[PDB]
Amino acid sequence: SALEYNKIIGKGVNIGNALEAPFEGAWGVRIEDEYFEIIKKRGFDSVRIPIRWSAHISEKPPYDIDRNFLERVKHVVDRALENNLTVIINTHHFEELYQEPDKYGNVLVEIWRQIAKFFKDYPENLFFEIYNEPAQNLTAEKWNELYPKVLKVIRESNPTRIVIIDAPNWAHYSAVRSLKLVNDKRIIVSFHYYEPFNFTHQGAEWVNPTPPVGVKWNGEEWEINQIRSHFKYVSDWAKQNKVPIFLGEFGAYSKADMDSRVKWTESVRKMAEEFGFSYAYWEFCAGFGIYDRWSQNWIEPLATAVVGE
Ligand code: NI
Ligand code: NI
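Residue labels reflect position in each chain's written sequence, counted from 1, rather than necessarily the entry's numbering. Residues lacking coordinates are not shown. To label them, take the chains in the order written and letter them from A, then take the ligands in the order written and number them from 1. Note that the side-chain values use all heavy atoms of the structure and ignore hydrogens as well as water.

Structure determination for this PDB entry was carried out by X-ray crystallography, with a resolution of 1.92 Å recorded in the header.

As structure tokens, then:
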């Protein structure tokens, strides 16, 4: 039945550079109501909404999320659900957790206690995702310890809602094997795919050091074969552990030449489809965007590379 839920993720897109910034709009995107209609009409099944809850909580236990922030996330979720999209909400960019997980693990626990309580009565097509891209000091070991704790508390108020568990090491495809799965029939494991990194993140200012621009991805056979090896590796593991897979982010930065981006994106997307993985493109309208807010239209053929059909 987890597999049937994964199928309602289907074809997805992240709304990035929005609520996972230190505040909404700081990174260039404010989520407009009309985007959900636009995304649904284009052919997507789902949206994934990164959210930096840790920027809108009290310092003192039990770390109350600010009420106006919760109402803003409720509005966004509501608009997406009213467009009959599956919705995934996460916690994202919890900077202290990356550095000091032992110290901040219980804050993540309490954030999730509140969100889970707030959304408990929501329809089944709202999924929760405990944390985006565990990495740094939140090691595979420490993540295997923390995530079941958060899940326990989500389950107290939401006994059956799908919960997405990311692989550690920035949700690298390889990191799937280092995940210790709990016995829960309502989880989906997620990886993010940006290989080759030198191509998808060429010119990216936020990476140190910035890989140089001008890197090509040609869609040759050995290149395609590379994607298949990575995805077969995840599939093999997922089949053995009886767990659905969500490719929760993939995309190539717009400093890459468009032709390469199109071929890479189409290839990655077709590979996720080949192995039965749901997916969410990174991302809707910012630096990796498939939608142009100024021209008010999809960027083609990259959008088609994502959506297919
Ligand atoms: Ni705030
Ligand atoms: Ni509203």
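A few words on the overall build of the protein chain. Numbering of helices and strands runs from the N terminus, with a helix taken as a DSSP run of H or I at least four residues long and a strand as a DSSP run of E at least two residues long. Each helix and strand in the protein chain was counted, giving eleven helices and ten strands. The reference for a compact globule is 2.2 Å times residues^0.38; the radius of gyration itself is calculated from the C-alpha atoms. By the compact-globule yardstick of 19 Å for 309 residues, the protein chain fits well, its C-alpha radius of gyration being 18 Å. When its C-alpha atoms are laid out on the principal axes, the protein chain stretches across 50 × 45 × 40 Å. Working rule for contacts: check all heavy atoms of both residues, and any pair within 4.5 Å makes them a contact. Intrachain contacts of the protein chain at a sequence separation of at least 6 include 74% that bridge at least 24 residues. Accessible surface area values rest on a Shrake-Rupley calculation with a 1.4 Å probe, where residue burial reflects the displayed protein chains alone. For the protein chain, the accessible area works out to roughly 13,600 Å², and carbon and sulfur atoms hold 49% of it. Across the protein chain, the 37 positively charged side chains and the 44 negatively charged ones have centroids separated by 5 Å. For the purpose of charge, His is not counted, nor are the chain termini; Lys and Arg are scored as positive and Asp and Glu as negative. Charged side chains are reduced to one point each, which is NZ for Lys, CZ for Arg, CG for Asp and CD for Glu.

On any regular strand, side chains alternate: one points to one face of the sheet, the next to the other face. Buried means the residue's accessible area, taken with a 1.4 Å probe over protein chains only, is under 20% of the maximum for its type, while exposed means over 50%, and partly exposed covers the values in between. The buried fraction of strand 7 (residues 245–250) is high, at six of six residues. Paired strands, as defined in this entry, are two strands with at least two bridges between them according to DSSP. Direction of pairing for strand 7 relative to strand 8 (residues 278–281): parallel, over a ladder of two bridges. Paired with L247 across the bridge in strand 8 is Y279. Once you follow strand 7 into helix 10 (residues 258–274) and on to strand 8, the crossover reads as right-handed. Handedness rule for crossovers: strands pointing away from the viewer, path from the first strand over the helix to the second running clockwise, crossover right-handed.

Among the nonpolar cores identified, the biggest contains 101 residues, and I49, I89, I130 and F231 are the most heavily contacted of them. At eight residues, the largest contribution of residues to this core is made by helix 5 (residues 101–118). Not counting chain neighbours up to four residues away, the residues in contact with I130 comprise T91, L108, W112, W143, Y147, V150, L151, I154, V163, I164 and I165. As used in this record, nonpolar core signifies buried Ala, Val, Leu, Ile, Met, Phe, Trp, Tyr and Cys residues forming a set joined through side-chain atoms within 4.5 Å. Formed by nine residues, the second largest nonpolar core is a distinct cluster that contains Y5, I88, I164 and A280.

Our focus in this paragraph is the pattern of salt bridges. By definition, a salt bridge exists where a carboxyl oxygen of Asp or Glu is found within 4 Å of a side-chain nitrogen of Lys or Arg. If you walk through the whole model with that rule in mind, you get 21 salt bridges. Of the charged contacts, one joins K255 and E205 as a salt bridge, the two residues approaching to 2.9 Å between their closest N and O atoms. Note that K255 is positioned in the loop between strand 7 and helix 10 and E205 in the loop between helix 8 (197–200) and helix 9 (221–241), a separation of 50 residues in sequence. Given a relative accessible area of 45%, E205 falls into the partly exposed group. A salt bridge links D257 to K216, with the nearest nitrogen and oxygen atoms 3.8 Å apart. One end of the pair, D257, is in the loop between strand 7 and helix 10; the other, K216, is in the loop between helix 8 and helix 9, and 41 residues separate them in sequence. Assessed through its relative accessible area of 26%, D257 is described here as partly exposed. Taken together, the salt bridges that share partners define one network made up of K11, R269 and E273.

Moving on, we get to the sheet that holds strand 1 (residues 11–14). In space, the eight strands of this closed barrel follow the order 1-2-3-4-5-6-7-8, with parallel pairing throughout. Geometrically, the sheet is characterised by an average inter-axis angle of 25 degrees between neighbouring strands, direction not taken into account. Along the sheet, helix 6 (residues 140–157) makes contact with strand 4 (126–129), strand 5 (163–166) and strand 6 (187–193), crossing strand 5 at roughly 170 degrees. Between the N-to-C directions of two axes lies an angle of 0 to 180 degrees, each axis being a line fitted to C-alpha atoms and, for a helix, fitted only over the stretch in contact.

Let's shift gears to the pairing of strand 8. Side chains of strand 8 alternate between two faces, with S278 and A280 and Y279 and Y281 buried alike. Here strand 1 runs beside strand 8; their pairing, made up of three bridges, is parallel. In the strand pairing of strand 8, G12 is matched with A280.

Taken residue by residue, helix 1 (residues 2–9) has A2, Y5, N6 and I9 as its buried positions. Within helix 1, the buried residues cover an arc of 105 degrees as seen down the axis, which keeps them to one side. Residues of helix 1 that are exposed and angled more than 90 degrees away from the buried face: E4 and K7. Just past helix 1, the residue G10 takes up positive phi, approximately 55 degrees. Working note: the arc is built from the helix axis to C-beta atom directions.

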